[PDB]
Each structure stands twice: as C-alpha cells, then as structure tokens.
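Engineer: Quick one, upload.cif (mmCIF, C-alpha atoms and all ligand atoms):
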```
data_input
#
loop_
_atom_site.label_atom_id
_atom_site.label_comp_id
_atom_site.auth_asym_id
_atom_site.auth_seq_id
_atom_site.Cartn_x
_atom_site.Cartn_y
_atom_site.Cartn_z
CA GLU H 1 77.48 67.81 45.81
CA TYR H 2 75.44 70.88 46.92
CA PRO H 3 74.22 70.17 50.46
CA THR H 4 70.52 69.34 50.97
CA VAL H 5 68.08 69.93 53.83
CA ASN H 6 68.39 66.37 55.27
CA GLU H 7 72.23 66.70 55.22
CA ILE H 8 72.48 69.76 57.54
CA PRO H 9 71.30 69.52 61.20
CA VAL H 10 69.59 72.69 62.46
CA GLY H 11 72.39 74.77 63.99
CA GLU H 12 75.13 73.76 61.50
CA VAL H 13 76.28 75.78 58.50
CA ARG H 14 77.98 74.60 55.30
CA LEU H 15 79.88 76.72 52.78
CA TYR H 16 79.94 75.86 49.09
CA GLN H 17 82.45 77.34 46.64
CA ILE H 18 80.55 78.83 43.65
CA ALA H 19 83.38 80.63 41.86
CA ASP H 20 86.75 82.21 42.72
CA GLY H 21 86.00 84.45 45.73
CA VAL H 22 82.27 83.50 45.81
CA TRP H 23 80.64 81.05 48.20
CA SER H 24 77.13 80.26 49.19
CA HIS H 25 76.29 79.53 52.84
CA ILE H 26 73.68 76.88 53.61
CA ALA H 27 71.79 76.49 56.86
CA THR H 28 68.57 74.84 58.05
CA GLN H 29 65.84 76.05 60.29
CA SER H 30 62.53 74.99 61.62
CA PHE H 31 59.53 77.22 60.73
CA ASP H 32 55.87 76.35 61.49
CA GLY H 33 56.98 72.91 62.25
CA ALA H 34 58.82 72.01 59.05
CA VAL H 35 62.60 72.23 58.37
CA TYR H 36 63.88 74.13 55.37
CA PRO H 37 67.31 74.77 53.93
CA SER H 38 68.31 78.39 53.19
CA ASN H 39 71.11 80.00 51.19
CA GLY H 40 73.08 83.19 51.47
CA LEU H 41 76.21 84.48 49.76
CA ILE H 42 79.78 85.37 50.71
CA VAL H 43 81.84 87.51 48.35
CA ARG H 44 85.54 88.25 48.73
CA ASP H 45 86.23 92.03 48.96
CA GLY H 46 90.07 92.20 48.85
CA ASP H 47 91.21 91.04 52.30
CA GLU H 48 87.62 91.30 53.69
CA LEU H 49 84.32 89.55 53.07
CA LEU H 50 80.89 90.86 52.17
CA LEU H 51 78.04 88.71 53.48
CA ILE H 52 74.63 88.52 51.81
CA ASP H 53 71.89 87.45 54.24
CA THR H 54 72.11 85.86 57.67
CA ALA H 55 71.96 82.08 58.21
CA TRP H 56 68.39 82.30 59.57
CA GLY H 57 68.65 82.87 63.30
CA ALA H 58 71.08 83.77 66.03
CA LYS H 59 72.57 80.35 66.60
CA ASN H 60 72.94 79.59 62.92
CA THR H 61 74.51 82.98 62.24
CA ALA H 62 77.06 82.50 65.05
CA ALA H 63 77.83 79.09 63.42
CA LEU H 64 78.15 80.82 60.05
CA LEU H 65 80.80 83.22 61.43
CA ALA H 66 82.68 80.28 62.96
CA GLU H 67 82.59 78.33 59.63
CA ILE H 68 83.83 81.36 57.71
CA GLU H 69 86.70 81.82 60.21
CA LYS H 70 87.71 78.18 59.84
CA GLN H 71 87.33 77.78 56.04
CA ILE H 72 88.18 81.22 54.66
CA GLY H 73 89.90 83.12 57.48
CA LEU H 74 89.05 86.66 56.25
CA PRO H 75 86.85 88.94 58.36
CA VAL H 76 83.28 89.67 57.44
CA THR H 77 83.07 93.47 57.55
CA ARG H 78 79.68 94.18 55.97
CA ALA H 79 76.41 92.37 55.42
CA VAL H 80 73.38 93.11 53.27
CA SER H 81 69.95 91.56 53.96
CA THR H 82 67.87 91.05 50.79
CA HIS H 83 64.44 91.21 52.42
CA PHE H 84 62.84 91.59 55.83
CA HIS H 85 62.03 87.96 56.74
CA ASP H 86 63.91 86.01 59.39
CA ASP H 87 65.88 83.90 56.88
CA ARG H 88 67.55 87.20 55.81
CA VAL H 89 67.67 89.35 58.97
CA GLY H 90 67.46 86.78 61.78
CA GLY H 91 70.96 86.92 63.22
CA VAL H 92 71.62 90.58 62.40
CA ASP H 93 72.14 91.25 66.14
CA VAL H 94 74.83 88.50 66.22
CA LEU H 95 76.54 90.12 63.21
CA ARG H 96 76.33 93.64 64.67
CA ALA H 97 77.93 92.42 67.98
CA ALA H 98 80.76 90.70 65.96
CA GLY H 99 81.73 94.04 64.33
CA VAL H 100 79.87 93.50 61.05
CA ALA H 101 78.22 96.62 59.63
CA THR H 102 74.66 95.57 58.61
CA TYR H 103 72.76 97.15 55.74
CA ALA H 104 69.37 96.92 54.07
CA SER H 105 67.11 99.14 52.02
CA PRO H 106 64.81 101.55 53.91
CA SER H 107 61.90 99.41 52.63
CA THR H 108 63.39 96.29 54.27
CA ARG H 109 64.17 98.17 57.48
CA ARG H 110 60.59 99.54 57.78
CA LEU H 111 59.10 96.09 57.14
CA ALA H 112 61.47 94.40 59.59
CA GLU H 113 60.58 96.98 62.24
CA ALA H 114 56.82 96.53 61.67
CA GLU H 115 57.17 92.73 61.84
CA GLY H 116 59.29 92.73 65.01
CA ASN H 117 62.31 91.28 63.20
CA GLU H 118 65.93 92.28 63.67
CA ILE H 119 66.81 95.52 61.94
CA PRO H 120 70.03 96.12 59.95
CA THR H 121 71.81 99.27 61.11
CA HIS H 122 72.38 101.16 57.86
CA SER H 123 70.01 102.17 55.11
CA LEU H 124 70.72 101.54 51.40
CA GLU H 125 69.33 104.42 49.35
CA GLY H 126 69.00 104.34 45.54
CA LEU H 127 66.96 101.11 45.39
CA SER H 128 63.37 102.32 45.77
CA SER H 129 62.34 102.12 42.13
CA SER H 130 62.07 98.88 40.10
CA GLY H 131 65.11 98.47 37.90
CA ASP H 132 67.35 100.40 40.32
CA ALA H 133 70.90 99.18 40.78
CA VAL H 134 73.69 100.32 43.11
CA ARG H 135 77.26 99.17 43.61
CA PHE H 136 78.20 97.81 47.02
CA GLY H 137 81.81 96.63 47.18
CA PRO H 138 82.26 93.63 44.88
CA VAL H 139 78.55 93.30 43.99
CA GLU H 140 75.71 95.08 42.36
CA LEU H 141 72.41 95.27 44.28
CA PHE H 142 69.30 95.30 42.09
CA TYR H 143 65.69 96.00 43.02
CA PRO H 144 63.60 94.10 40.45
CA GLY H 145 60.21 95.12 41.78
CA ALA H 146 57.80 93.28 44.06
CA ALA H 147 57.96 89.50 43.94
CA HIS H 148 58.30 87.25 46.99
CA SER H 149 58.13 90.48 48.99
CA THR H 150 57.81 94.16 48.09
CA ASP H 151 61.42 94.86 49.24
CA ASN H 152 63.26 91.88 47.80
CA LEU H 153 66.66 92.59 46.32
CA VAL H 154 68.86 90.47 44.06
CA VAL H 155 72.67 90.54 44.04
CA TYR H 156 75.03 90.17 41.10
CA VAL H 157 78.74 89.42 41.33
CA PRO H 158 80.08 90.88 38.02
CA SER H 159 83.55 89.28 38.30
CA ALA H 160 82.01 85.82 38.41
CA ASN H 161 78.67 86.25 36.58
CA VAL H 162 76.86 84.93 39.66
CA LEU H 163 73.30 86.00 40.28
CA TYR H 164 71.99 85.51 43.80
CA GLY H 165 68.21 85.72 43.54
CA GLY H 166 67.27 85.33 47.18
CA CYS H 167 63.66 84.35 47.79
CA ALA H 168 62.48 86.05 44.60
CA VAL H 169 64.00 83.02 42.77
CA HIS H 170 62.99 79.40 43.34
CA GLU H 171 65.03 76.27 42.68
CA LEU H 172 64.19 74.00 39.72
CA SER H 173 62.63 71.25 41.83
CA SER H 174 60.16 73.76 43.43
CA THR H 175 56.49 73.02 42.93
CA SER H 176 55.12 75.94 44.94
CA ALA H 177 55.70 79.65 45.37
CA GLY H 178 56.49 79.03 49.06
CA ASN H 179 55.38 81.48 51.74
CA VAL H 180 53.25 83.97 49.73
CA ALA H 181 51.98 85.90 52.75
CA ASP H 182 53.92 89.04 51.70
CA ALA H 183 54.19 88.34 47.93
CA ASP H 184 52.88 90.10 44.80
CA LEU H 185 52.00 87.15 42.52
CA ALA H 186 50.81 89.39 39.71
CA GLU H 187 54.02 91.48 39.56
CA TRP H 188 56.42 88.64 40.28
CA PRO H 189 56.73 87.45 36.57
CA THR H 190 57.37 91.07 35.53
CA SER H 191 60.04 91.35 38.24
CA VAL H 192 61.65 88.08 37.01
CA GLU H 193 61.59 89.43 33.42
CA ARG H 194 63.42 92.59 34.65
CA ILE H 195 66.07 90.28 36.20
CA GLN H 196 66.34 88.23 32.96
CA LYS H 197 66.74 91.46 30.92
CA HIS H 198 69.29 93.02 33.31
CA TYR H 199 71.50 89.92 33.81
CA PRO H 200 71.58 87.97 30.50
CA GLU H 201 75.18 86.81 31.12
CA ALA H 202 74.50 85.17 34.50
CA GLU H 203 76.23 81.80 34.60
CA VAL H 204 75.06 80.67 38.05
CA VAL H 205 71.71 81.51 39.61
CA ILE H 206 71.33 80.86 43.37
CA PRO H 207 67.84 80.63 44.84
CA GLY H 208 66.96 81.68 48.39
CA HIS H 209 66.25 78.00 49.17
CA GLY H 210 67.66 74.98 47.43
CA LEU H 211 69.98 74.14 44.61
CA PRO H 212 71.80 76.66 42.39
CA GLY H 213 71.53 76.23 38.64
CA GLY H 214 71.66 78.38 35.55
CA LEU H 215 69.38 81.04 34.04
CA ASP H 216 66.50 78.51 33.78
CA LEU H 217 65.72 79.14 37.49
CA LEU H 218 64.31 82.55 36.46
CA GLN H 219 61.80 81.22 33.95
CA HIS H 220 60.97 78.31 36.24
CA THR H 221 60.18 80.80 39.02
CA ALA H 222 57.80 82.75 36.76
CA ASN H 223 56.14 79.39 35.92
CA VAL H 224 55.78 78.31 39.60
CA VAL H 225 54.21 81.69 40.43
CA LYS H 226 51.69 81.33 37.60
CA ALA H 227 50.73 77.77 38.77
CA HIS H 228 50.16 79.13 42.31
CA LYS H 229 47.96 82.02 40.91
CA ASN H 230 45.42 79.51 39.50
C1 LIG E 1 59.37 75.86 48.65
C2 LIG E 1 59.53 76.74 49.87
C3 LIG E 1 60.60 77.59 49.98
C4 LIG E 1 60.78 78.41 51.11
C5 LIG E 1 59.86 78.46 52.14
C6 LIG E 1 59.97 79.36 53.28
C7 LIG E 1 60.00 78.81 54.59
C8 LIG E 1 60.06 79.57 55.71
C9 LIG E 1 60.18 80.95 55.58
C10 LIG E 1 60.18 81.55 54.30
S1 LIG E 1 60.21 83.31 54.17
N1 LIG E 1 61.47 83.91 53.42
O1 LIG E 1 60.15 83.76 55.55
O2 LIG E 1 59.01 83.62 53.39
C11 LIG E 1 60.07 80.78 53.15
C12 LIG E 1 60.04 81.31 51.79
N2 LIG E 1 59.04 81.10 50.92
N3 LIG E 1 59.45 81.62 49.78
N4 LIG E 1 60.68 82.10 49.96
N5 LIG E 1 61.06 81.95 51.23
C13 LIG E 1 58.72 77.62 52.00
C14 LIG E 1 58.61 76.77 50.87
ZN ZN E 2 60.90 85.71 52.69
ZN ZN E 3 62.88 82.59 51.98
#
```
Just give me the structure as structure tokens.
Structural biologist:
Amino acid sequence: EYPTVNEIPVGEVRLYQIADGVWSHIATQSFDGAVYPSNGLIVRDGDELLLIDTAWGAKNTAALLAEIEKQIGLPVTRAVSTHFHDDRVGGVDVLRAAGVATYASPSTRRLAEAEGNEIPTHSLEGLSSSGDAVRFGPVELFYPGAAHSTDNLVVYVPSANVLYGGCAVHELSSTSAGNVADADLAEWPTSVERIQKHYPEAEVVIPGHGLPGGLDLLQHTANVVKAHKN
C-alpha cells in the first residue's frame, strides 16, 4: 500500500505510517522533464515533530505542512536536510517562514550555497568524519562517508529500528544509481558497509526514492552502484 509515483500528482503529499511515532512523507516532482517520487521522514518528539528532508520544492513543502496538520496535528519544530540537493532542501524557506528551525551539516550548507539552493539556518557539527554519529532529538544522525553525495547523512530512529537512508540508499526495484553528478561511486559501497555495520538491527530501511523494505536495500544499493561503475 506504499504510494507510488503515478499515484501522487505533483503538488500533493502523502504520509505513510512506518512505526509508532514514525511516518514517511511522499511527494512527486518534475526534474529534467521526468517525474519522480521522493521520501522524507517525520518522527514524533514528545508533543512536537522532527522533520527529515523537505518535500522537494516550495509548493510541495507547504502541502506537506498542511498534511501533517490534518493527519497528525502536532507542530513541526525542527527539520534536518540530509544532503544539499533540491529534494532535501527545496522548501527550506517555506519551513523557516512557518517557524521550523532548519538544520544541516556545514558540508551540506556550503554545497547548497555553492549550488544556489536553499540553505538551512543552523549548522550540525560533529558529522564531518565518516562513521560520525550525533543525537538530534528522537534520532541519531550518521555520516557514512561519501556516496550519492559527499555530504549525505542517514538517520536512525532507535525506538523503532527504522533506518532512513536518504539518497545514499536505493529501493529494491532500482536498476541505476540515479543522478551521479555529485556521487563517489568508488566510496559508495564502503559507505554502505559502514551503514550495515553500524545499524545491524534495522527493521525498516527507507530509500530517498521509492519503496521501503528491510536491510536488503543496503546490499542492493552497493550492487546497483557497482553495475553503474562498469
Ligand atoms: C532511480 C532514480 C532515483 C532518483 C533520481 C533523482 C531525480 C532527481 C533528482 C535527484 S537528486 N537527489 O537531486 O540527485 C535524484 C537522485 N538520484 N539519486 N538519488 N536522488 C533519479 C533516478
Ligand atoms: Zn541528491
Ligand atoms: Zn534524491
């Protein structure tokens, strides 16, 4: 029942319950003339919500806030963007205007600035070295090393054993490494192996685009990246 790309018009946002106090958000957006689905995460933080990633653009992110208000009814107080591309930061200005404090690593903020993308307000120190982990409310943020991008972070929800891989992790049906313009194909399998080693108890793995599954998404991603390489 997870929503697919052809089931969500561009501009609409769906929420999907992953575990108690954990949802994914699903949106669609047009990029270089093709439409893609994209996931983010919502994690309950007492009587507040932590958001992971925007819904890929200003209009989608406004729709995301409206869907959260309707379905959950708890305020989003903080957001983390997991890398500098528009499917993660596009909509940060909408969040910042709505009273959401926006965060990203200094690596993500520098790359977003250089690219002309929206820039989260606050900088997340303690994530500059591969294998670094920091606590942020109900989640752990982990920097696995360069993969889809040099700044990509992954997010673990310890209470639910949910691993949100962002664009460093591909869905099982994926046949390509996607947009590799900013990727490190050689380090990506090593970065996946660091994720596998650090989160062996993950029950749900959510990719940046497409269907959640289990731990197999990690190995599949290393395989996809190898097939792209040659
Ligand atoms: C199979 C597939 C998945 C996603 C995309 C995609 C489409 C638009 C924008 C991006 S991003 N985050 O700007 O680089 C991506 C992407 N590629 N890999 N991760 N995200 C393309 C193909
Ligand atoms: Zn990306
Ligand atoms: Zn992506």
Engineer: Show me which residues are within 6 Å of ligand ZN 3 (chain E) counting all atoms listed in the file, and format the list as a PDB file with C-alpha atoms, in the frame of the given file.
Structural biologist:
```
ATOM      1  CA  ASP H  87      65.880  83.900  56.880  1.00  0.00           C
ATOM      2  CA  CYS H 167      63.660  84.350  47.790  1.00  0.00           C
ATOM      3  CA  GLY H 208      66.960  81.680  48.390  1.00  0.00           C
TER       4      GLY H 208
END
```
Engineer: Taking 2 positions as the minimum chain separation for residues in the same chain, which residues sit within 9 Å of residue 18 of chain H when counting all atoms listed in the file? Answer as number ranges by chain.
Structural biologist: H: 16, 20-24, 160, 162, 204
Engineer: Distance limit 6 Å, reference ligand LIG 1 (chain E), atoms considered: only C-alpha atoms and all ligand atoms. Which residues make the cut? Give them as JSON, numbers by chain.
Structural biologist: {"H": [31, 85, 86, 87, 167, 174, 176, 178, 179, 209]}
Engineer: Residues as selected, C-alpha atoms, written as an mmCIF file, in the frame of the given file, can you do that?
Structural biologist:
```cif
data_model
loop_
_atom_site.group_PDB
_atom_site.id
_atom_site.type_symbol
_atom_site.label_atom_id
_atom_site.label_comp_id
_atom_site.auth_asym_id
_atom_site.auth_seq_id
_atom_site.Cartn_x
_atom_site.Cartn_y
_atom_site.Cartn_z
ATOM 1 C CA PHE H 31 59.530 77.220 60.730
ATOM 2 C CA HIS H 85 62.030 87.960 56.740
ATOM 3 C CA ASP H 86 63.910 86.010 59.390
ATOM 4 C CA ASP H 87 65.880 83.900 56.880
ATOM 5 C CA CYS H 167 63.660 84.350 47.790
ATOM 6 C CA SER H 174 60.160 73.760 43.430
ATOM 7 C CA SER H 176 55.120 75.940 44.940
ATOM 8 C CA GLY H 178 56.490 79.030 49.060
ATOM 9 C CA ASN H 179 55.380 81.480 51.740
ATOM 10 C CA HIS H 209 66.250 78.000 49.170
#
```
Engineer: Kindly give the distance, in Å, that separates atom CA of residue 94 of chain H and atom CA of residue 54 of chain H, rounded to a single decimal.
Structural biologist: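 That distance, rounded to one decimal, is 9.4 Å.
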Engineer: Between atom CA of residue 26 of chain H and atom CA of residue 39 of chain H, what is the distance, to one decimal in Å?
Structural biologist: 4.7 Å
Engineer: Would you work out the distance separating atom CA of residue 164 of chain H from atom CA of residue 71 of chain H, expressed in Å to one decimal?
Structural biologist: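 Straight-line distance from atom CA of residue 164 of chain H to atom CA of residue 71 of chain H works out to 21.1 Å.
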Engineer: Sort by chain and increasing residue number a table of all residues of chain H within 12 Å of ligand ZN 2 (chain E), each with its closest pair of atoms and their distance in Å to one decimal, counting all atoms listed in the file, and write it as a Markdown table.
Structural biologist:
```
| residue | atom | partner | partner_atom | distance |
| --- | --- | --- | --- | --- |
| H:31 | CA | E:ZN2 | ZN | 11.8 |
| H:38 | CA | E:ZN2 | ZN | 10.4 |
| H:39 | CA | E:ZN2 | ZN | 11.8 |
| H:53 | CA | E:ZN2 | ZN | 11.2 |
| H:56 | CA | E:ZN2 | ZN | 10.7 |
| H:81 | CA | E:ZN2 | ZN | 10.9 |
| H:82 | CA | E:ZN2 | ZN | 9.0 |
| H:83 | CA | E:ZN2 | ZN | 6.5 |
| H:84 | CA | E:ZN2 | ZN | 6.9 |
| H:85 | CA | E:ZN2 | ZN | 4.8 |
| H:86 | CA | E:ZN2 | ZN | 7.4 |
| H:87 | CA | E:ZN2 | ZN | 6.8 |
| H:88 | CA | E:ZN2 | ZN | 7.5 |
| H:89 | CA | E:ZN2 | ZN | 9.9 |
| H:90 | CA | E:ZN2 | ZN | 11.3 |
| H:108 | CA | E:ZN2 | ZN | 11.0 |
| H:111 | CA | E:ZN2 | ZN | 11.4 |
| H:112 | CA | E:ZN2 | ZN | 11.1 |
| H:117 | CA | E:ZN2 | ZN | 12.0 |
| H:146 | CA | E:ZN2 | ZN | 11.9 |
| H:147 | CA | E:ZN2 | ZN | 10.0 |
| H:148 | CA | E:ZN2 | ZN | 6.5 |
| H:149 | CA | E:ZN2 | ZN | 6.6 |
| H:150 | CA | E:ZN2 | ZN | 10.1 |
| H:151 | CA | E:ZN2 | ZN | 9.8 |
| H:152 | CA | E:ZN2 | ZN | 8.2 |
| H:153 | CA | E:ZN2 | ZN | 11.0 |
| H:165 | CA | E:ZN2 | ZN | 11.7 |
| H:166 | CA | E:ZN2 | ZN | 8.4 |
| H:167 | CA | E:ZN2 | ZN | 5.8 |
| H:168 | CA | E:ZN2 | ZN | 8.2 |
| H:169 | CA | E:ZN2 | ZN | 10.7 |
| H:170 | CA | E:ZN2 | ZN | 11.5 |
| H:177 | CA | E:ZN2 | ZN | 10.8 |
| H:178 | CA | E:ZN2 | ZN | 8.8 |
| H:179 | CA | E:ZN2 | ZN | 7.0 |
| H:180 | CA | E:ZN2 | ZN | 8.4 |
| H:181 | CA | E:ZN2 | ZN | 8.9 |
| H:182 | CA | E:ZN2 | ZN | 7.8 |
| H:183 | CA | E:ZN2 | ZN | 8.6 |
| H:207 | CA | E:ZN2 | ZN | 11.6 |
| H:208 | CA | E:ZN2 | ZN | 8.5 |
| H:209 | CA | E:ZN2 | ZN | 10.0 |
```
Engineer: Using all atoms listed in the file, which protein or nucleic acid residues come within 7 Å of residue 211 of chain H? Drop anything in the same chain fewer than 2 positions from it, and give the result as a PyMOL selection string.
Structural biologist: chain H and resi 2+171+206-207+213
Engineer: Can segment 69-86 of chain H be brought up to N, CA, C and O atoms and written out as a short mmCIF file (atom, residue, chain, number, x, y, z; two decimals), keeping the file's coordinate frame?
Structural biologist:
```cif
data_model
loop_
_atom_site.label_atom_id
_atom_site.label_comp_id
_atom_site.auth_asym_id
_atom_site.auth_seq_id
_atom_site.Cartn_x
_atom_site.Cartn_y
_atom_site.Cartn_z
N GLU H 69 85.39 81.65 59.59
CA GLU H 69 86.70 81.82 60.21
C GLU H 69 87.59 80.62 59.94
O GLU H 69 88.78 80.76 59.68
N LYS H 70 87.02 79.43 60.05
CA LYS H 70 87.71 78.18 59.84
C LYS H 70 88.08 77.93 58.36
O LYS H 70 89.24 77.58 58.07
N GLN H 71 87.13 78.13 57.45
CA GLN H 71 87.33 77.78 56.04
C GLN H 71 87.98 78.84 55.20
O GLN H 71 88.66 78.51 54.24
N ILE H 72 87.68 80.12 55.47
CA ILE H 72 88.18 81.22 54.66
C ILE H 72 89.21 82.05 55.39
O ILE H 72 90.21 82.40 54.79
N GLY H 73 88.95 82.38 56.65
CA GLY H 73 89.90 83.12 57.48
C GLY H 73 90.08 84.60 57.16
O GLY H 73 91.12 85.18 57.50
N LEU H 74 89.09 85.22 56.53
CA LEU H 74 89.05 86.66 56.25
C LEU H 74 87.86 87.20 57.03
O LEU H 74 86.88 86.48 57.22
N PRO H 75 87.96 88.42 57.56
CA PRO H 75 86.85 88.94 58.36
C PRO H 75 85.67 89.38 57.53
O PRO H 75 85.85 89.99 56.46
N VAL H 76 84.50 89.13 58.06
CA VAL H 76 83.28 89.67 57.44
C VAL H 76 83.15 91.10 57.98
O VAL H 76 83.03 91.27 59.20
N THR H 77 83.15 92.08 57.09
CA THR H 77 83.07 93.47 57.55
C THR H 77 81.73 94.11 57.30
O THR H 77 81.41 95.10 57.98
N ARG H 78 80.97 93.61 56.31
CA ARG H 78 79.68 94.18 55.97
C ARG H 78 78.75 93.07 55.59
O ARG H 78 79.18 92.04 55.07
N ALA H 79 77.46 93.32 55.82
CA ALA H 79 76.41 92.37 55.42
C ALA H 79 75.25 93.15 54.84
O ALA H 79 74.94 94.24 55.34
N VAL H 80 74.61 92.57 53.84
CA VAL H 80 73.38 93.11 53.27
C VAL H 80 72.32 92.06 53.45
O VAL H 80 72.53 90.90 53.06
N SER H 81 71.10 92.47 53.89
CA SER H 81 69.95 91.56 53.96
C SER H 81 69.04 91.89 52.77
O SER H 81 68.76 93.07 52.52
N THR H 82 68.59 90.86 52.06
CA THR H 82 67.87 91.05 50.79
C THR H 82 66.38 91.16 50.92
O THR H 82 65.72 91.54 49.94
N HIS H 83 65.79 90.81 52.08
CA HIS H 83 64.44 91.21 52.42
C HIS H 83 64.24 91.10 53.92
O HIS H 83 65.19 90.75 54.63
N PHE H 84 63.03 91.39 54.39
CA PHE H 84 62.84 91.59 55.83
C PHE H 84 62.55 90.34 56.64
O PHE H 84 62.40 90.48 57.86
N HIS H 85 62.37 89.17 56.01
CA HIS H 85 62.03 87.96 56.74
C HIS H 85 63.22 87.43 57.51
O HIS H 85 64.37 87.78 57.29
N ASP H 86 62.91 86.54 58.47
CA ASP H 86 63.91 86.01 59.39
C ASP H 86 65.06 85.21 58.75
O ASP H 86 66.14 85.12 59.32
#
```
